[PDB]
Amino acid sequence: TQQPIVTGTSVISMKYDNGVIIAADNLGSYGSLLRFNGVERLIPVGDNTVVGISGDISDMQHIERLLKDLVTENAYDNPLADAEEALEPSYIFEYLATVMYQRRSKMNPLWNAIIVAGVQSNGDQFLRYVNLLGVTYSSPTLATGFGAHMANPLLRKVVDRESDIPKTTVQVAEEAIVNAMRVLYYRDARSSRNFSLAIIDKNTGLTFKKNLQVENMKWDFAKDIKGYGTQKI
Amino acid sequence: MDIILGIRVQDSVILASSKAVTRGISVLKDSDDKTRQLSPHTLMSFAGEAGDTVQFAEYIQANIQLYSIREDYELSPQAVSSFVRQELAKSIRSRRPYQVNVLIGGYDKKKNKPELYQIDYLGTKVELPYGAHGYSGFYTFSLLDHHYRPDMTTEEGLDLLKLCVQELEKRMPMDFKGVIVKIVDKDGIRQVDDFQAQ
Amino acid sequence: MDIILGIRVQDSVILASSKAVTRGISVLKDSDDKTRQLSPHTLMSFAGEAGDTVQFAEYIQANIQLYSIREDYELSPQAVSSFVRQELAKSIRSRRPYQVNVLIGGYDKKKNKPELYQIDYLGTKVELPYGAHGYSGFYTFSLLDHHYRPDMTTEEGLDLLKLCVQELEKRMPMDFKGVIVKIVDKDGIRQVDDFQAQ
Amino acid sequence: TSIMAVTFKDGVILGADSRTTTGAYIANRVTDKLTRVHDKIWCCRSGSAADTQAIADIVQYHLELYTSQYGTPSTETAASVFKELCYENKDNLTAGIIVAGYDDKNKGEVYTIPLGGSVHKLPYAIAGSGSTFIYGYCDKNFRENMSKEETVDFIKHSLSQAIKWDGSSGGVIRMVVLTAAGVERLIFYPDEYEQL
Amino acid sequence: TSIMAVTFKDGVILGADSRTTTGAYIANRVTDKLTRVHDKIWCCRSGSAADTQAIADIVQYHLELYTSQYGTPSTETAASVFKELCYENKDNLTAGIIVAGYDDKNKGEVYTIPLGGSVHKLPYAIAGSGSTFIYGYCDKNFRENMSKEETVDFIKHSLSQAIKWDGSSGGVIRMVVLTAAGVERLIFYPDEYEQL
Amino acid sequence: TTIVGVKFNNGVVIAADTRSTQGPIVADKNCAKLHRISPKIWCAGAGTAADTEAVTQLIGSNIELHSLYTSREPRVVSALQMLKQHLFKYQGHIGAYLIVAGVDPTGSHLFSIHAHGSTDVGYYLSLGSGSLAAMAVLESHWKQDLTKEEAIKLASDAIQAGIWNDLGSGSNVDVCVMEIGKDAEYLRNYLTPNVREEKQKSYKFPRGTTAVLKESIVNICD
Amino acid sequence: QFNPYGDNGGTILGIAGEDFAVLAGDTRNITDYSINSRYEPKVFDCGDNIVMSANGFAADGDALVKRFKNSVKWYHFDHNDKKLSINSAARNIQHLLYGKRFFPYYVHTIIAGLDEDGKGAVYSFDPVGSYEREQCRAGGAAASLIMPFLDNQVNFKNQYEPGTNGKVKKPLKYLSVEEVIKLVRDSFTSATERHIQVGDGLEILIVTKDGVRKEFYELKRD
Amino acid sequence: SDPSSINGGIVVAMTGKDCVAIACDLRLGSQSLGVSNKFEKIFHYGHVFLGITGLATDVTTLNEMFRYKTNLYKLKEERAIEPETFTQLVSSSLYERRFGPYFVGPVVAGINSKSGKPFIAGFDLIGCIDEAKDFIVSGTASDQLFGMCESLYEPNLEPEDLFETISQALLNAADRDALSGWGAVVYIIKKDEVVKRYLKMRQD
Amino acid sequence: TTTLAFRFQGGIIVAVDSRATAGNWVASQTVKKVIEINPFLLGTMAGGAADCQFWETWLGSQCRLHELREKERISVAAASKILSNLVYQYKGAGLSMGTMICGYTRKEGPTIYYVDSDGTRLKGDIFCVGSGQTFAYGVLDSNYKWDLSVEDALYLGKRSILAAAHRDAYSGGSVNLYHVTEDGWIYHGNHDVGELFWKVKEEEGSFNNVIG
Ligand SMILES: *C(=O)[C@]1([C@@H](O)[C@@H]2C=CCCC2)NC(=O)[C@@H]2CCO[C@@]21C
Ligand SMILES: *C(=O)[C@]1([C@@H](O)[C@@H]2C=CCCC2)NC(=O)[C@@H]2CCO[C@@]21C
Ligand SMILES: *C(=O)[C@]1([C@@H](O)[C@@H]2C=CCCC2)NC(=O)[C@@H]2CCO[C@@]21C
Ligand SMILES: *C(=O)[C@]1([C@@H](O)[C@@H]2C=CCCC2)NC(=O)[C@@H]2CCO[C@@]21C
């Protein structure tokens, strides 16, 4: 049993007609101190999988090392490592899920919330969540921490049920997701304005966008607000 | 806790109460009478917290006697019990509540019927053919549920109690030093000085 | 706790032990024998934690019987008690200690003298003319301190115990359902089947 | 929360972030922590929003009645009323307050009332969770008798840093200028102070 | 405690206060928080003196054996050994460590290992109780590729501020310069940095 | 609970969901969280129902008496001052969280009060367990200079976010529009997107199914 | 401190017919007041004509099901592909659960199938292995809302013959799969109305001598 | 510990066609110990009926209080109190004890003597009014009651039918509650008459 | 829960209720509280269902193993001590069980052993375990006779559980009867307390306080 120290906030994601999108800001908080700003919390694995991690950063870095090893190990005595026997997103996930549950069962968890996004070899979209308790679930949209409360409601307005997936384009989806990141910067006190976004499309492959920024914010109306009730100036 | 038992038969109410008073490691007295006569036809038994128990009983006694003098009349059993319930229901929400449970057995001279009332320290009141407080009910209620009859004679009530006391003296961990039994009927309240072997 | 008493008279050791076994709200048994014969001339009484009590007694019994067979000899009372003290003194610092107190009464055939040993669960051992465990000593030691004499006959010991049991049945809050008495002397261990009214 | 008051050549300026939180949630991102207790006597509020509001509302009431009887109150007197309320009720309040006022005889003045209810008159003062991060910066960059533009700049930079490091601070930077000329309201948005 | 490491044009510099406390008592006013784990790989220690010493002693041992077999270790490798010890034993340690080394190929490098055992490579890093007060100052005054004199100046000013506000920091300012030219020890006394 | 307030060019609109819960059990599937303080000053409540309700009526009662005494229309800032000083005095023990809006001689207003007594002002606001779903929508669609119809839509959409995404919210949407020149219009069940489907069977029992021991007539006439 | 447990909500129901058996469960997975998924299957086909569900703490429920399925696999490996009779699966699960008697799988598990005589069968388990064969059993969040209903409509409890003066109990004629599905659906739509953790969807698995079939119905999403 | 789980008991009210019904069990226990099988939890003042679950002493005290208050009301108003009004009297009386409440779960049932309209309402321990059109439940078996009602209930049932429905709801919910049962009583109410029936049920 | 077992001329009578509760919630009214170790041994279950069910079924396996090894029927003393000693190994772990091990062997005759998770092992003639025990003891103590007939003995047990089912909120459902003879135990049905109460009331005249 431990307690997180340096932490990463929300991880939001959703699936569209041809793939899945996933994003996370670049902050590593230390309590109320927004200590580290160049933290990448999106871990690509191969070219069909991206693992988004929130929670304790030291554990994230540990999950990172585990993922690199999975790749190395899979290559060993595997003439099809970059073909029929390459790592599928579901393999990556089942592995992590397994570890998360073993660690909670030993009363020494990896203090994180994880979203594994990607495209299976047969084109299927893959989006599943696993956390420090070893709990797992899937939904057309998935978010961790704060984004669970504020992002999911927005993203679900685009893809409310399975049948909405084929009707959602990369444009619409990336837009929903970019807007959600802005909303989170508005109401989540542990968020950063900079973030990374990644798309895994069954046709265009993996697109990893770094150094994005929340833009087009509304703050002007702030000037019209004074006092807290009766004050006039 | 102490033993507080009550049984309402055809023409009277019988109350049995343990005689022991234990303070920690020792039994200080084995002849304690845990009862107070509220009026010629109303008797109240009680069990609970050390000092509160008697202070409450005597306080109630005082008030009923005062009412009897003022009105030159004896309040019905039902009336005396409602008064007592209210006193406890007040106490339950006061600074330091009275931790006392009581059984009120009386003979209603106007209705010509005996009545048994059970009221715990919270002011919970119920009228029953027989009742008890504490653990006592746990050992005796199955015996009373079995042998009880509305037309029982006072003699049959005493035999049924004796049976209850024997069960208590067999399965209950504590030595309550026997009980003192009192009968309340149309002619008042009398004590059965012979139960040590009836 | 239960009643564990022991008295060493002129030519024997007498052990008295309550017969009640209470589990919470009920007395499950009133004929329990809280003793184990360790060897023909050595008896051990015990009281303490629910399961530990018998498990310990039987464990000790087994070891003494094994020693008796291996050596075709009977260890002296003093020897059996030092063995038992050590077993408890080990237990006191283990993961889950035996919460058992014992009295060991034996007749040393070599010395031709009775011996009474008191050992609590910590492994505290002392040899005495009479002793007890729990609260029992509190009510009885003043009676024993008064009437005890080194040259008492077994009959005088039984009379002194009876006096102790009566004091216990008067001032002690719990009903221990009487005691089972056993005598240990040059001829072995026998039970006084008649103490329910001796 | 990040709040500060700075005296300068022509008077004094108040500044603050516009964030109120309930845990990690931002309950209000456009809060106005700069409260008026008199025409030229304002305060900066940190700590409990409920406590500081109740305190301020009462000080304003007290100063209104004071004015009705003895004329305009000195900044020192306003700070004294705040102090009275904070010290005497220290057990039930969580209020860090900075009082700032402009007098014609005294010019600008700043009194800081920290948690225990003590009073401290200073050339400038900072407070709130975000302040801890700008102690060094402010101590190195503050100068007495700065111009209005320099002072606005000092506050803008100081607070943007406090907002940068403190998750408990954010939104816009509000300022209130108190000089003989009157009362001026200033606001600065994210896109401006973040890249300073 | 106040400690920092800053990379610059010719390498990197380490700095720290010289105070160790046990409550409000100063147990040591001339402590040396700049510890050598290799010829050109040093660390800054904060948190538990006992834990950081034990950690450092072990890293030095590990790097000595590494050198015996594979030659000089990279600064990254030293930071990795520290990390291993801090992460794997996070439940029993209270160690904030900054690793700083000079490589000929990599020049100066700085890795900060905060409480949980995570690693962060940065242009410069600050840590310890006193650091909180200089976050704003440092963020505003740090520049990449500064000269040795400028860097010594940055550290000297930053720390003097940290020492100023933090009762848990004090004494003298120690510095260690790591460049291709070698290893230089610098010390600055109260009478100098206090009036900066 | 999900309650929101949204100002529009010539007034203010407040709305709320209709779910009432005791732990995980839905006690009232159509409670009313919109209360009136005065004809043109309405409240949306969240937190302890008995408290939001009791506090709205107490200040409402006093606001009426104040109105009658001053011969003037009640002002929102007055209900706000009376509410906050009452809540403050009780140190948060009166679990009332309200969004108070309304129009009066000085214009149209929108505020929020928390149990501890702090108040806030804004163009759009929301409180309750649905707070975050609603706010997400508001931060995404609000804009200055909304028309009455846009404000209603925005507010109504914000509650839907809560109804669907928050377990603490559900059932219907209640709205109340307060426009500067007209009467306030209370729209009870403005939206009812959760009608129960027809049961699969009827559970009407054949008469005589229940065993009866004794029967009698109860006397009601004195 | 770290709490190794959580509650994912959900409700499941198992009813044994004369020659069939059903095991249903909503498809909503929650955490506090948030919905994690509106569709996350909770009732599984484990081979050998056995359906199972471990409701409560999902991580535990998943591990258990996964562990049992693997048990069926080895049963075949070690006993010449013999079929695992539901009574045997039951005893097996008891041991799986009791193995963690001192760090339990926080779940209420139920399995359904046909016994060795082709009769419908349901077994419900305790978090620590206690088990019993039953007629019907609801488990989870709305269990308390559904069981009373089932006692009345499935075992005709408290229902007597009209006119017999409650002297003749309503005969226990047994239901068909179609009638049972109706009770199941009504049971959930009712539970959906009063419990905030029940909704989104209902998935039913039906077991007969011909195997396992699945049916799906939507539930309110608020 | 929980004042609301000491004595046990339940109450349920339902609206029908020009009628209302209110029912309750008759148990009064002290934790595991059954003490009385005749503790009725329904009372009436004029044509207004009030059921009360919770701590028995408070159930008794509240009844005595409302009798007292409805008596003075009749003397001053010169008419019997109505369901809607009584409901407000109950609410304000409970809230008056906001920080030292009575541990009860009241339920009001009756028909407005002037409008003929049926009326039922529930309250939490501090007076919050729950005014449902269908049914209202209270007591240690309230979860079970919600389940029974939600399924068994349908609008505009005739008196004879509502009786069957409310009785089955009460009965089967009580049988899943350790602290409820030991007898039951159902009140069928109409503008002109009110019938009270005792039900036959398990006694365990 | 209410469970009892008593010895008499015709062997042993074993009667239990069948209610399962978790708080005030009645989980079941049809639970088995008697484990058939084997054709000659019965075990009663009070306390933790899983604990009793598990270890008593395990006891069955140990008894079987004994009889295979010693080609002789296991004694009640020995079977009870296997359970007793197992349980004692777990003392302090949190096992929760109050149990009666009942059998009729040629060597011992009718034998009842009370075994709980505290490690207590007691041989006796009459035992009642459970939150309803005191009620059953009242009925049993005043009507018990060693010379009771198998018919009357069975009824006494059934009646004693009934008394408890009535007063104890945590007891009820139905009554399960068993008669233990040296040739094995014989099941004597499941009696729903509901119906049993009214029947007994009328025929016996007891439970006068309840209106029927
Ligand atoms: C700042 O101190 C802060 C504000 O919410 C508060 C709001 C209005 C005026 C006083 C200042 N107080 C708090 O409790 C939060 C959390 C950290 O600091 C806040 C942002
Ligand atoms: C600094 O972190 C500090 C030092 O005592 C310590 C000493 C030597 C090397 C590591 C740093 N740690 C402490 O616990 C005290 C109190 C506050 O900070 C210290 C001064
Ligand atoms: C909402 O805040 C909510 C409502 O029950 C309540 C009802 C009427 C007026 C105030 C709001 N309050 C609660 O305590 C429950 C639980 C979560 O939120 C509720 C649904
Ligand atoms: C009785 O002991 C009881 C039973 O639920 C339980 C069920 C099956 C076999 C063992 C006995 N145990 C309990 O924990 C509950 C609560 C009180 O007693 C129960 C009814």
Side-chain angles (χ1 to χ4, degrees), chain B residues 1-8 12-19 21 29 32-111 113-128 130-134 136 179-185 188-191, chain H residues 30 35 56-58 60-61 64-65:
Chain B
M1 189 186 272
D2 311 283
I3 305 332
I4 287 316
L5 298 171
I7 171 119
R8 153 173 73 65
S12 76
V13 183
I14 308 172
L15 297 193
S17 310
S18 55
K19 302 189 284 178
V21 175
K29 190 172 178 182
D32 188 65
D33 182 0
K34 300 163 179 51
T35 210
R36 280 307 127 102
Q37 174 177 130
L38 306 182
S39 56
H41 303 81
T42 296
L43 187 67
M44 188 174 73
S45 57
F46 50 77
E49 170 52 17
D52 300 346
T53 224
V54 177
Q55 287 278 171
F56 182 70
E58 286 181 16
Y59 167 69
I60 288 303
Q61 183 171 65
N63 281 75
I64 303 306
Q65 297 182 345
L66 173 59
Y67 187 112
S68 296
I69 284 281
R70 187 183 300 114
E71 251 54 69
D72 186 15
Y73 195 65
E74 185 182 9
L75 276 171
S76 69
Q78 196 291 146
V80 168
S81 77
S82 292
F83 170 77
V84 169
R85 196 200 76 92
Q86 190 172 67
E87 284 299 291
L88 293 164
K90 285 177 187 171
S91 172
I92 212 14
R93 285 159 191 294
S94 69
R95 191 177 59 70
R96 195 182 69 68
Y98 275 115
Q99 292 187 70
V100 187
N101 296 306
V102 305
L103 285 187
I104 293 184
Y107 189 94
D108 188 338
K109 298 284 292 187
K110 169 171 283 62
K111 286 178 176 177
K113 297 192 178 187
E115 287 176 351
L116 177 62
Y117 291 99
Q118 207 191 79
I119 309 161
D120 66 12
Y121 72 118
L122 305 184
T124 316
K125 185 182 92 172
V126 73
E127 208 239 75
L128 311 154
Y130 46 88
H133 277 298
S136 311
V179 297
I180 279 180
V181 185
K182 300 194 172 190
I183 320 226
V184 187
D185 61 37
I189 304 166
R190 63 169 181 296
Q191 176 174 169
Chain H
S30 206
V35 173
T57 182
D58 288 353
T60 301
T61 292
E64 294 173 350
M65 172 189 287

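So that the names make sense, note that chain A is the first sequence line, chain B the second, and so on, each numbered from 1.
Minimum heavy-atom separation, B:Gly105 to B:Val13: CA-CG1, 3.7 Å. Nearest heavy-atom pair across B:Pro97 and B:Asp52 is O-OD2, 3.8 Å. Summarising the geometry of B:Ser81 relative to B:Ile119, their closest heavy-atom pair is O-CD1, 3.7 Å, with the distance given to 0.1 Å. Scanning all heavy atoms of the two residues, the minimum distance from B:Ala57 to B:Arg36 falls at CB-CG, 3.7 Å. When every heavy atom of B:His41 is checked against every heavy atom of B:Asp185, the shortest pair comes out as CD2-O, 3.5 Å.
Shown here are the salt bridge (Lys or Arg N to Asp or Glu O under 4.0 Å) partners of B:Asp2, two or more places apart in sequence or in another chain: there are none. In this structure, the side-chain hydrogen bond (donor to acceptor under 3.5 Å, both in side chains) partners of H:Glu64, at least two apart in sequence or on a different chain, are B:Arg85. Judged as a salt bridge (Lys or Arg N to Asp or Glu O under 4.0 Å), and not counting sequence neighbours, the contacts of B:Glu115 are B:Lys111. Residues satisfying the ring pair (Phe, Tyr, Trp, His ring centres under 6.0 Å) test with B:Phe46, not counting sequence neighbours, are none. Every residue meeting the side chain to side chain contact (heavy atoms under 4.5 Å, CB included) condition with B:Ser17, not counting sequence neighbours, appears here in chain and number order: B:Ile4, B:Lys34, B:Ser45. Annotation: ring pair (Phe, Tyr, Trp, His ring centres under 6.0 Å) contacts of B:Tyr98 (sequence neighbours excluded): B:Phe56. B:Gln86 meets the side chain to side chain contact (heavy atoms under 4.5 Å, CB included) test with B:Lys90; sequence neighbours excluded. Listed by chain and number, the residues in a salt bridge (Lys or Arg N to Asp or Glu O under 4.0 Å) with B:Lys19 amount to none (sequence neighbours excluded). With sequence neighbours left out, the side chain to side chain contact (heavy atoms under 4.5 Å, CB included) criterion links B:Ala79 to B:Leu75, B:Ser76. Listed by chain and number, the residues in a ring pair (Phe, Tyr, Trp, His ring centres under 6.0 Å) with B:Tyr130 are B:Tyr148 (sequence neighbours excluded). Scored by the side chain to side chain contact (heavy atoms under 4.5 Å, CB included) test, B:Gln65 finds B:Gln61 as partners (sequence neighbours excluded). The salt bridge (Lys or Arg N to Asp or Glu O under 4.0 Å) test applied to B:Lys125 returns no partner, not counting sequence neighbours.
Between B:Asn63 and B:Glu87 there is no side-chain heavy-atom pair separated by less than 4.5 Å. Between B:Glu127 and B:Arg8, the closest side-chain pair of non-hydrogen atoms falls below 4.5 Å. Residues B:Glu74 and B:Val80 form no side-chain contact, since every pair of their non-hydrogen atoms from C-beta on lies 4.5 Å or further apart. Contact of the B:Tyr117 side chain with the B:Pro77 side chain is registered, since non-hydrogen atoms from C-beta on lie closer than 4.5 Å. In this structure, the side chains of B:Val181 and B:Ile14 come closer than 4.5 Å at one or more pairs of heavy atoms. Between B:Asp108 and B:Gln78, the closest side-chain pair of non-hydrogen atoms is not below 4.5 Å. Side-chain contact between B:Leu15 and B:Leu116 is present, with heavy atoms from C-beta onward closer than 4.5 Å. Side-chain contact between B:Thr42 and B:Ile104 is present, with heavy atoms from C-beta onward closer than 4.5 Å.
Not one N or O on the side chain of B:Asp120 forms a donor-acceptor pair closer than 3.5 Å with the backbone of B:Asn101. With hydrogens and angles disregarded, a donor-acceptor distance shorter than 3.5 Å links the side chain of B:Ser94 to the backbone of B:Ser91.
Note that CG of B:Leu43 and CG of B:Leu38 are 7.0 Å apart. Values are rounded to the nearest 0.5 Å. B:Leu88 CG to H:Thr57 OG1: the interatomic distance, rounded to the nearest 0.5 Å, is 8.5 Å. Atom CD of B:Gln99 sits about 10.0 Å away from atom CG of B:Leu122, to the nearest 0.5 Å. Atoms CD1 and CZ, on B:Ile64 and B:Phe83 in that order, are 5.5 Å from each other to the nearest 0.5 Å. Taking OH from B:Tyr67 and CG from B:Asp72, the interatomic distance works out to 11.5 Å, rounded to the nearest 0.5 Å. We find the CD-CD1 distance between B:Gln37 and B:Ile189 to be 3.5 Å, quoted to the nearest 0.5 Å.
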Could you walk me through whether B:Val84 and B:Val102 pass the side-chain contact (heavy atoms from CB on, under 4.5 Å) check? CA-CA 9 Å; B:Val84 169; B:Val102 305; 4.3 Å; yes
Could you go through B:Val126 and B:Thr124, starting from their C-alpha distance and side-chain angles, then the distance that decides it, and tell me whether this counts as side-chain contact (heavy atoms from CB on, under 4.5 Å)? CA-CA 7 Å; B:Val126 73; B:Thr124 316; over 6 Å; no
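The number of heavy atoms from other shown groups lying within 6.0 Å of CG (B:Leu66) is above 12.
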